[PDB]
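First the structure, in the form of structure tokens, and then the observations on it.
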Amino acid sequence: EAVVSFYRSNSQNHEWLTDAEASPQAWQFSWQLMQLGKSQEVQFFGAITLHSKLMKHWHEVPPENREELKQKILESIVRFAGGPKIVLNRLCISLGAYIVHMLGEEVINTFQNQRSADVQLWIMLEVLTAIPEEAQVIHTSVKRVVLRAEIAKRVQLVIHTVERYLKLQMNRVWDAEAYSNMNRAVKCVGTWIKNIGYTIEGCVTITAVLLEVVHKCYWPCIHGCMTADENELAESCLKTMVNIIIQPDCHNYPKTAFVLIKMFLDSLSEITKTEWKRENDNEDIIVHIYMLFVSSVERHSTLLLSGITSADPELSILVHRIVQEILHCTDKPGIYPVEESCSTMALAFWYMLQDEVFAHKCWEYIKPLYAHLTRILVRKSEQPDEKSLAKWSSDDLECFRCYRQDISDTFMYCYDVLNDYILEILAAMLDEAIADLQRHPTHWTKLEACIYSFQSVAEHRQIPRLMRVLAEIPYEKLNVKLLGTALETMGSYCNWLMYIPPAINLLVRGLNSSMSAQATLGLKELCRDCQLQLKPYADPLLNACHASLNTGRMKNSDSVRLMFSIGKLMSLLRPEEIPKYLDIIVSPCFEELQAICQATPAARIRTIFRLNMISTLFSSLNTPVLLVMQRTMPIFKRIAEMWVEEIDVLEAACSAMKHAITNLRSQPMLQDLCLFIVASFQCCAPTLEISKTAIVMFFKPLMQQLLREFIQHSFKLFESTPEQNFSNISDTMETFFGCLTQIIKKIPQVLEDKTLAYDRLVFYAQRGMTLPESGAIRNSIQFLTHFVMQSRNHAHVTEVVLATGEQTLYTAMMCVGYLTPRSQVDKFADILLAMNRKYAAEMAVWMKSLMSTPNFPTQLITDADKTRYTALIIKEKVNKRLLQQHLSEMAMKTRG
Amino acid sequence: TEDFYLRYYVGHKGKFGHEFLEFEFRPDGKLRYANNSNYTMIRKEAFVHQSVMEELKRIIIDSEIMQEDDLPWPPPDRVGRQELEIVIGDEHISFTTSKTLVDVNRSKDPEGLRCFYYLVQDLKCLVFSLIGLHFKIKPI
Amino acid sequence: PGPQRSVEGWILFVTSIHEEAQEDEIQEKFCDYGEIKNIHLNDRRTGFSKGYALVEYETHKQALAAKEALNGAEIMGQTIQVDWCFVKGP
């Protein structure tokens with residue numbers, strides 16, 4: 001009954017209680033744990049136990065007391081019907097899973113036994129539904145095929161039953177408890193349809209009944225907001241219908257397929273029309289109806305397509321009717337997020353048809369649709385009018401953005417039908433979009449939507465119109481929204497530009513307004529893709545940019561990208577002008593920093609910006625800049641002291657340093673680095689990050705000394721209290737080794753430096769694995785794994801390996817079964833493997849000695865299973881996954 | 001943790017057009033693939049099963065292509081531009097290089113490029129087998 | 001979840017396939033459940049296998065029968081993991 005404490009804090013504690021559900025006493029304590037008058041909290045745990053045990057430990061069951069188990073479960077169900085809900089349901093499912101096992105009549109007597117009045121039926125239904133799903137996971141020690149086969153033999157009973165119940169209810173009074181039971185009923189069926197398969201030919205009966213059930217839920221509310229009960233029941237009716245057509249086998253039943261689809265259509269049309277009304281009462285019903293149609297077409301592509309061309313009359317009409325519903329669905333009014341939740345449904349559908357026809361006349365037959373659709377999209381591509389002034393919540397706005405993404409993708413797709421034709425329609429809608437603002441200048445929605453539609457196709461005369469239109473549009477007159485789109489749509493057309501002069505005009509202009517970031521992105525795109533072309537305007541932009549930065553109005557965050565465009569523009573500058581521009585554009589950044597160098601949390605920010613700005617400008621300017629860095633190297637030392645205690649600023653400065661250092665390889669920089677790093681070291685994670693980066697580009701003295709200092713300093717930090725600090729040291733432990741690992745593969749002759757103290761390295765490396773960080777353990781491991789690799793090639797290093805030989809594999813086996821979390825076990829099979837390829841013989845012995853000849857690789861694991869795992873581990877040197885399997889099994893058997 | 005995300009891109013924007021091969025694995029298991037060849041733009045999309053996401057990950061974790069960096073690497077050049085963006089859990093990466101035995105050696109870290117260009121093949125081969133069956137054809 | 005039919009039929013994604021595993025091995029335990037429309041066993045860095053295969057069955061009855069019956073298979077030493085290759089949505 002200790003589980004109670006856990007219910008107030010389930011998450012941070014489980015493990016105990018769970019394994020207790022595994023022990024055979026679980027059977028004895030469950031029924032006692034869920035007695036009368038006891039807390040529902042533990043009673044649910046009493047129920048989950050019996051359940052898990054019935055599916056997981058049927059192996060620990062006495063065939064002699066089989067029926068007892070049932071009678072046992074039947075009594076509880078009786079006690080809990082009316083008591084706690086969650087429990088009853090759990091008991092019901094327990095009764096079901098029980099039955100699953102008896103399959104190899106049971107399903108027929110279960111039904112008979114149950115065919116309070118109301119409750120009784122709930123029990124039965126819940127019981128029968130839980131059956132096909134348990135059989136899906138329940139371990140019956142029986143081949144799956146026969147467990148499926150047995151159940152598939154009683155489907156008709158299930159449905160025919162439900163189908164019988166429903167109709168029976170179609171004549172009586174629909175009690176609240178009646179809807180609910182009818183829900184279970186309809187859901188029961190559905191579950192059996194997706195889990196077990198039945199011929200569509202026998203689903204026509206129920207299909208029709210459910211249909212009328214739906215109707216009986218929708219039409220009384222029309223005169224259309226229905227109770228949740230009617231809605232839940234409706235959905236479930238609909239979902240089951242979906243499950244009915246989607247079946248995998250149905251596709252070959254062109255006959256039942258048409259029949260059912262025709263009845264779905266001719267019976268659901270009305271409801272669709274009524275909800276397409278603007279007085280929204282249920283958006284729920286229409287999504288499922290529209291969903292069902294869209295889906296039923298997916299499952300039967302051939303019927304739909306063949307109806308188009310082979311044109312069986314019955315099909316040409318059906319198909320057109322099915323598409324009209326979906327087309328309507330797509331064209332449905334309102335913004336996707338707020339007014340009509342069916343837009344996604346329709347977009348999903350077109351994708352299928354468009355790809356299905358591309359994978360005949362169907363292409364031409366789809367053109368009209370495709371064309372019409374495109375228009376609809378742009379229509380839905382229209383952002384919410386500020387009339388509603390976004391009375392919506394960002395959720396909706398955030399989701400709309402996602403929506404638009406799917407809507408622009410759909411655009412793309414239809415572009416594949418008409419490479420240029422789509423361009424025509426978009427133009428047409430833009431011309432109208434012209435007559436929209438023309439008559440009513442408040443129609444920016446249609447302007448932004450139209451523009452948006454064009455940008456949507458920017459990934460492939462109609463086009464330039466767009467450009468001109470953008471120039472003509474007086475963006476300062478309409479809502480800020482147009483400026484952001486206009487600019488963004490232009491950025492996407494970077495390629496088509498390679499019309500550039502006005503592009504600049506727009507971007508620079510777009511910077512003036514609220515939406516700077518947008519213009520920023522647009523600019524950066526242009527700079528990256530058509531640099532040569534902007535050379536004439538490089539002198540201009542570069543200077544126009546420096547000015548735009550002056551106002552503090554521009555966001556620093558965004559201002560950084562402008563720095564990117566600048567650096568890219570500078571490249572296209574003349575000899576004379578470059579440095580002066582750099583001076584005019586870089587000096588401020590350093591001096592600002594310098595001022596702060598005077599010597600706070602408010603200063604930390606300014607420090608970061610200036611540092612990143614350079615970092616960026618450098619990044620793009622690496623496409624020289626050496627003189628700039630030469631006279632700068634000293635200030636990074638200074639910034640480090642200010643930032644000695646703040647990694648944030650630290651990382652910021654290093655990045656800057658790194659990006660500029662990149663230019664040197666392609667040499668005076670190396671000197672201040674050892675100076676800048678000698679100040680940094682004087683042991684956060686970024687610090688070693690650069691040391692490695694610097695080192696890896698120098699593949700001799702400059703590098704060896706920095707690495708040697710690099711190792712010896714790390715130890716000092718690593719020298720903190722092993723117990724806590726080491727745990728606390730997770731970040732640096734991962735990093736340090738991650739770097740010493742990368743430095744190994746490249747810069748290999750490095751392992752050559754006899755100077756390096758490896759015994760020390762490994763000393764700590766074996767600890768990290770045994771660390772408390774969830775992932776840093778891979779680094780230590782990864783490191784060791786790559787040392788053993790090179791170690792087999794250098795006697796010098798081999799020594800270290802020989803000594804650390806049995807020690808490592810020991811450290812590995814300790815974590816793998818006693819110290820390393822259950823999940824991070826596989827990360828060790830790397831070192832165990834690296835040791836078999838270079839030292840198979842040695843590893844074969846260090847393994848037997850630590851596993852077969854130890855008192856306790858673990859106390860629980862069996863000497864037998866221990867000896868065999870030890871054998872497999874040493875035999876597999878060609879597979880790492882295998883190791884992970886042999887490793888894991890033992891890992892389990894080890895911890896118990 | 002659900003942060004898995006993979007993407008790739010390799011194409012040249014010459015005067016003759018933008019040839020390319022760029023596919024992407026979305027978090028929800030959506031595999032969009034696009035490729036325009038000039039011996040035509042073949043769009044493709046599909047939701048790969050959980051397990052496929054797992055394999056993409058496994059291949060990535062064993063290639064240790066998450067440690068490497070394009071810092072010393074050859075940036076994109078007139079001839080080409082390769083992109084790789086992987087994210088697994090709380091670690092996100094994205095690389096930039098040009099398309100391509102000697103060119104890789106002459107690069108700062110040939111071992112860096114060798115791993116990168118080696119994973120790409122491991123991913124290329126997968127996304128191709130995936131598509132090559134769902135739609136009956138690879139790119140030529 | 002939710003399997004997806006492919007142009008050629010239904011496909012499964014077999015994971016945990018031995019590294020030395022050849023088309024013959026996979027083609028040995030997957031033909032017993034139906035006439036596989038196609039098969040696929042993806043090598044790299046001279047490694048004979050990549051650990052996975054796209055087994056395709058004309059039907060879905062066979063695909064599932066296999067998916068369930070071949071889930072714990074232990075070929076060439078390692079156990080395998082058979083899953084539906086393509087699902088139909090997130």
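By order of appearance in the structure tokens: chains A, B, ..., then residues from 1 within every chain, and ligands from 1 in the order shown.
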Original post:
For chain B against chain C, which residues fall within 9 Å using only C-alpha atoms, given as a list in words?
Top reply: residues 28, 29, 30, 46, 47, 48, 49, 50, 51, 52, 55, 59, 118, 119, 121, 122, 125, 126, 129, 130, 133, 134, 135 and 136 of chain B
Go ahead and write the selection's residues with C-alpha atoms as a JSON list (two decimals), in the first residue's frame.
```json
[["chain", "number", "residue", "atom", "x", "y", "z"],
["B", 28, "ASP", "CA", 7.08, 13.14, -37.22],
["B", 29, "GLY", "CA", 8.66, 10.57, -39.50],
["B", 30, "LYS", "CA", 7.81, 12.43, -42.70],
["B", 46, "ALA", "CA", 6.06, 9.72, -47.15],
["B", 47, "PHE", "CA", 5.91, 8.79, -43.48],
["B", 48, "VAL", "CA", 8.55, 6.20, -42.72],
["B", 49, "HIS", "CA", 7.91, 3.91, -39.76],
["B", 50, "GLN", "CA", 9.39, 4.50, -36.31],
["B", 51, "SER", "CA", 12.05, 1.86, -36.97],
["B", 52, "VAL", "CA", 13.34, 3.66, -40.06],
["B", 55, "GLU", "CA", 18.12, 3.11, -38.27],
["B", 59, "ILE", "CA", 23.94, 4.77, -38.68],
["B", 118, "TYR", "CA", 30.99, 8.31, -45.95],
["B", 119, "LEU", "CA", 27.80, 8.84, -43.93],
["B", 121, "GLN", "CA", 26.57, 7.46, -48.85],
["B", 122, "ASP", "CA", 25.05, 5.49, -45.98],
["B", 125, "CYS", "CA", 21.65, 4.52, -50.14],
["B", 126, "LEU", "CA", 18.82, 4.36, -47.59],
["B", 129, "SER", "CA", 15.94, 2.17, -51.25],
["B", 130, "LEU", "CA", 13.04, 3.75, -49.43],
["B", 133, "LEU", "CA", 10.16, 0.89, -53.70],
["B", 134, "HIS", "CA", 7.45, 3.29, -52.70],
["B", 135, "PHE", "CA", 7.56, 4.74, -56.22],
["B", 136, "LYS", "CA", 9.58, 2.38, -58.41]]
```
**OP:** Write out as a PyMOL selection string every residue belonging to chain C that has an atom at most 8 Å from any atom of chain A, counting only C-alpha atoms.
**Re:** chain C and resi 5+16+18-19+60+65+68-69+77-78
Keeping only N, CA, C and O atoms, write the selected residues to a file as a short mmCIF file (atom, residue, chain, number, x, y, z; two decimals), in the first residue's frame.
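This is the output file out29.cif:
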```cif
data_model
loop_
_atom_site.label_atom_id
_atom_site.label_comp_id
_atom_site.auth_asym_id
_atom_site.auth_seq_id
_atom_site.Cartn_x
_atom_site.Cartn_y
_atom_site.Cartn_z
N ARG C 5 0.43 1.06 -48.11
CA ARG C 5 0.65 0.22 -49.28
C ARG C 5 1.59 0.96 -50.23
O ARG C 5 1.47 2.17 -50.42
N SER C 16 18.22 -5.05 -37.25
CA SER C 16 19.02 -6.01 -36.49
C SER C 16 19.41 -7.21 -37.34
O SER C 16 19.39 -8.35 -36.88
N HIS C 18 22.16 -9.36 -39.30
CA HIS C 18 23.59 -9.62 -39.18
C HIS C 18 24.42 -8.85 -40.19
O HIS C 18 23.97 -8.56 -41.30
N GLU C 19 25.65 -8.52 -39.81
CA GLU C 19 26.55 -7.77 -40.67
C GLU C 19 27.08 -8.58 -41.85
O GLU C 19 27.43 -8.01 -42.89
N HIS C 60 -0.66 -8.20 -48.11
CA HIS C 60 -0.54 -7.52 -46.83
C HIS C 60 -0.71 -8.63 -45.80
O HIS C 60 -0.22 -8.55 -44.67
N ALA C 65 1.72 -11.51 -41.58
CA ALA C 65 2.01 -12.86 -41.12
C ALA C 65 3.50 -12.95 -40.83
O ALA C 65 3.91 -13.52 -39.82
N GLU C 68 4.74 -10.61 -37.83
CA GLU C 68 4.47 -11.20 -36.52
C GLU C 68 5.28 -12.46 -36.26
O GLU C 68 5.84 -12.64 -35.18
N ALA C 69 5.35 -13.33 -37.27
CA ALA C 69 6.07 -14.58 -37.15
C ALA C 69 7.59 -14.46 -37.25
O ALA C 69 8.31 -15.30 -36.71
N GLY C 77 23.09 -15.66 -36.19
CA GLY C 77 23.46 -15.27 -34.84
C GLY C 77 22.60 -14.22 -34.17
O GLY C 77 22.21 -14.38 -33.01
N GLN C 78 22.31 -13.13 -34.89
CA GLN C 78 21.52 -12.06 -34.31
C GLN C 78 20.02 -12.22 -34.53
O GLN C 78 19.57 -12.85 -35.48
#
```
Original post:
Near residue A:157, counting only C-alpha atoms, which residues have an atom at most 12 Å away, once you skip same-chain residues fewer than 4 positions from it, shown as an MDAnalysis selection string?
Top reply: chainID A and resid 105 107:112 128 151:153 161:165 188:189 192 198 202
Can you write just those residues out, N, CA, C and O atoms, as a compact mmCIF listing (two decimals), in the first residue's frame?
```
# COMPACT_ATOMS: atom_id res chain seq x y z
N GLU A 105 -15.10 -21.02 -28.73
CA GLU A 105 -16.28 -21.10 -27.88
C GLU A 105 -16.26 -20.01 -26.82
O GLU A 105 -17.28 -19.39 -26.52
N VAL A 107 -15.20 -16.95 -26.78
CA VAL A 107 -15.74 -15.66 -27.18
C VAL A 107 -17.27 -15.72 -27.27
O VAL A 107 -17.94 -14.72 -27.06
N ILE A 108 -17.82 -16.90 -27.57
CA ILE A 108 -19.27 -17.06 -27.69
C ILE A 108 -20.01 -17.19 -26.35
O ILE A 108 -21.17 -16.77 -26.24
N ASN A 109 -19.35 -17.77 -25.35
CA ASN A 109 -19.99 -17.92 -24.05
C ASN A 109 -19.89 -16.59 -23.29
O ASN A 109 -20.79 -16.22 -22.54
N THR A 110 -18.79 -15.88 -23.52
CA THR A 110 -18.57 -14.59 -22.90
C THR A 110 -19.79 -13.77 -23.25
O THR A 110 -20.49 -13.25 -22.38
N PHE A 111 -20.05 -13.67 -24.54
CA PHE A 111 -21.18 -12.92 -25.04
C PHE A 111 -22.47 -13.47 -24.43
O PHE A 111 -23.28 -12.70 -23.92
N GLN A 112 -22.65 -14.78 -24.48
CA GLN A 112 -23.86 -15.39 -23.93
C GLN A 112 -24.12 -14.98 -22.48
O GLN A 112 -25.22 -14.56 -22.13
N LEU A 128 -15.19 -7.47 -24.74
CA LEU A 128 -15.01 -7.92 -26.12
C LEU A 128 -14.08 -7.05 -26.95
O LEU A 128 -13.39 -7.55 -27.84
N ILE A 151 -9.32 -15.80 -33.51
CA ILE A 151 -10.16 -14.62 -33.33
C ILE A 151 -10.92 -14.20 -34.58
O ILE A 151 -12.09 -13.83 -34.51
N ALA A 152 -10.26 -14.24 -35.73
CA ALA A 152 -10.89 -13.85 -36.99
C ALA A 152 -12.15 -14.67 -37.25
O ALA A 152 -13.01 -14.28 -38.03
N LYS A 153 -12.25 -15.81 -36.57
CA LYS A 153 -13.37 -16.72 -36.73
C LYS A 153 -14.64 -16.32 -35.97
O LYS A 153 -15.67 -16.99 -36.10
N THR A 161 -23.69 -8.74 -33.72
CA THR A 161 -24.21 -8.45 -32.38
C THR A 161 -24.43 -6.96 -32.23
O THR A 161 -25.56 -6.51 -32.05
N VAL A 162 -23.34 -6.20 -32.28
CA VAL A 162 -23.40 -4.75 -32.13
C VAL A 162 -24.44 -4.19 -33.09
O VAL A 162 -25.28 -3.37 -32.71
N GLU A 163 -24.37 -4.64 -34.34
CA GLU A 163 -25.29 -4.22 -35.38
C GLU A 163 -26.72 -4.54 -34.96
O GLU A 163 -27.66 -3.85 -35.35
N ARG A 164 -26.88 -5.60 -34.17
CA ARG A 164 -28.20 -6.01 -33.69
C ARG A 164 -28.62 -5.07 -32.56
O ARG A 164 -29.74 -4.55 -32.56
N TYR A 165 -27.71 -4.85 -31.62
CA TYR A 165 -27.97 -3.97 -30.48
C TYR A 165 -28.41 -2.59 -30.95
O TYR A 165 -29.46 -2.10 -30.55
N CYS A 188 -16.25 -0.87 -30.40
CA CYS A 188 -15.90 -2.28 -30.34
C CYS A 188 -15.70 -2.76 -31.77
O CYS A 188 -14.63 -3.26 -32.12
N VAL A 189 -16.73 -2.60 -32.57
CA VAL A 189 -16.69 -2.98 -33.97
C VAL A 189 -15.40 -2.47 -34.61
O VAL A 189 -14.55 -3.25 -35.03
N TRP A 192 -12.16 -4.11 -33.88
CA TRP A 192 -12.08 -5.42 -34.50
C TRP A 192 -11.80 -5.32 -35.98
O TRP A 192 -11.28 -6.26 -36.57
N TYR A 198 -12.12 -8.35 -41.62
CA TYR A 198 -13.36 -8.98 -42.09
C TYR A 198 -13.70 -8.48 -43.50
O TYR A 198 -13.38 -7.35 -43.86
N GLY A 202 -19.62 -7.88 -45.67
CA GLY A 202 -20.51 -8.06 -44.54
C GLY A 202 -20.62 -6.80 -43.70
O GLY A 202 -21.35 -6.77 -42.71
```
**OP:** Could you tell me, as a PyMOL selection string, which residues of stretch 755-804 of chain A DSSP assigns to helix (DSSP H, G or I) when given the backbone?
**Re:** chain A and resi 758-769+776-791+795-804
Subject >> A:385, A:416, A:472, A:826 ranked by distance to chain B, top pick (using only C-alpha atoms) >> reply: A:416
Original post:
Please, which residues of chain A lie no more than 10 Å from chain B when the count uses only C-alpha atoms, and can they be set out as a ChimeraX atom specification?
Top reply: /A:351,355-356,358-359,412-413,416,460,495,498,529,622-623,658-659,661-663,665-666,693-694,696-699,738-739,741-742,745-747,779,782,827,830,880-881
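We find atom CA of residue A:543 and atom CA of residue B:96 to be spaced 28.6 Å apart.
Atom pair atom CA of residue A:722 / atom CA of residue A:776 has a distance of 15.8 Å (rounded to one decimal).
Residues in contact with residue A:121 at 9 Å, where only C-alpha atoms are counted and same-chain residues fewer than 6 positions away are skipped, are listed as residues 114, 115 and 181 of chain A.
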Would you output that residue set with N, CA, C and O atoms, as a PDB file, in the first residue's frame?
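Wrote again_13.pdb, looks like this:
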```pdb
ATOM      1  N   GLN A 114     -23.446 -12.436 -20.920  1.00  0.00           N
ATOM      2  CA  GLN A 114     -23.904 -11.063 -20.783  1.00  0.00           C
ATOM      3  C   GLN A 114     -24.870 -10.573 -21.863  1.00  0.00           C
ATOM      4  O   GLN A 114     -24.985  -9.370 -22.097  1.00  0.00           O
ATOM      5  N   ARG A 115     -25.571 -11.502 -22.511  1.00  0.00           N
ATOM      6  CA  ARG A 115     -26.535 -11.143 -23.550  1.00  0.00           C
ATOM      7  C   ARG A 115     -27.812 -11.966 -23.415  1.00  0.00           C
ATOM      8  O   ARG A 115     -28.471 -11.939 -22.374  1.00  0.00           O
ATOM      9  N   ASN A 181     -23.151   3.406 -24.023  1.00  0.00           N
ATOM     10  CA  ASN A 181     -23.048   1.991 -24.353  1.00  0.00           C
ATOM     11  C   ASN A 181     -23.002   1.812 -25.860  1.00  0.00           C
ATOM     12  O   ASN A 181     -22.330   0.916 -26.359  1.00  0.00           O
TER      13      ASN A 181
END
```
Subject >> Contact residues around stretch 681-687 of chain A with only C-alpha atoms at 7 Å, ignoring same-chain residues under 2 positions, as an NGL selection string >> reply: :A and (647 or 651 or 677-679 or 689-691 or 714 or 717 or 731-732 or 735)
Subject >> residue A:193 environment, 10 Å, only C-alpha atoms, sequence neighbours closer than 4 positions dropped, as a PyMOL selection string >> reply: chain A and resi 132+152+155+159+187-189+197-200+203+240-247
Same residues, C-alpha atoms, output as a CSV table (one decimal), in the first residue's frame:
```csv
chain,number,residue,atom,x,y,z
A,132,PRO,CA,-8.6,-8.2,-30.3
A,152,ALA,CA,-10.9,-13.8,-37.0
A,155,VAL,CA,-15.8,-11.4,-36.1
A,159,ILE,CA,-20.4,-7.0,-35.4
A,187,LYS,CA,-16.0,1.4,-31.1
A,188,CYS,CA,-15.9,-2.3,-30.3
A,189,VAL,CA,-16.7,-3.0,-34.0
A,197,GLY,CA,-9.9,-8.3,-40.7
A,198,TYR,CA,-13.4,-9.0,-42.1
A,199,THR,CA,-14.7,-8.9,-45.7
A,200,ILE,CA,-16.2,-5.6,-46.6
A,203,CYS,CA,-19.9,-4.5,-43.4
A,240,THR,CA,-15.5,2.8,-37.4
A,241,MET,CA,-16.7,3.5,-40.9
A,242,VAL,CA,-13.3,4.8,-41.8
A,243,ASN,CA,-11.7,1.6,-40.4
A,244,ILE,CA,-14.2,-0.3,-42.5
A,245,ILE,CA,-13.0,1.1,-45.9
A,246,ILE,CA,-9.3,1.5,-45.1
A,247,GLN,CA,-8.8,-2.2,-44.5
```
**OP:** Please identify which residues in stretch 2-110 of chain B DSSP calls strand (DSSP E) from the backbone, and express them as a PyMOL selection string.
**Re:** chain B and resi 4-14+17-25+31-36+41-44+47-48+82-88+91-97
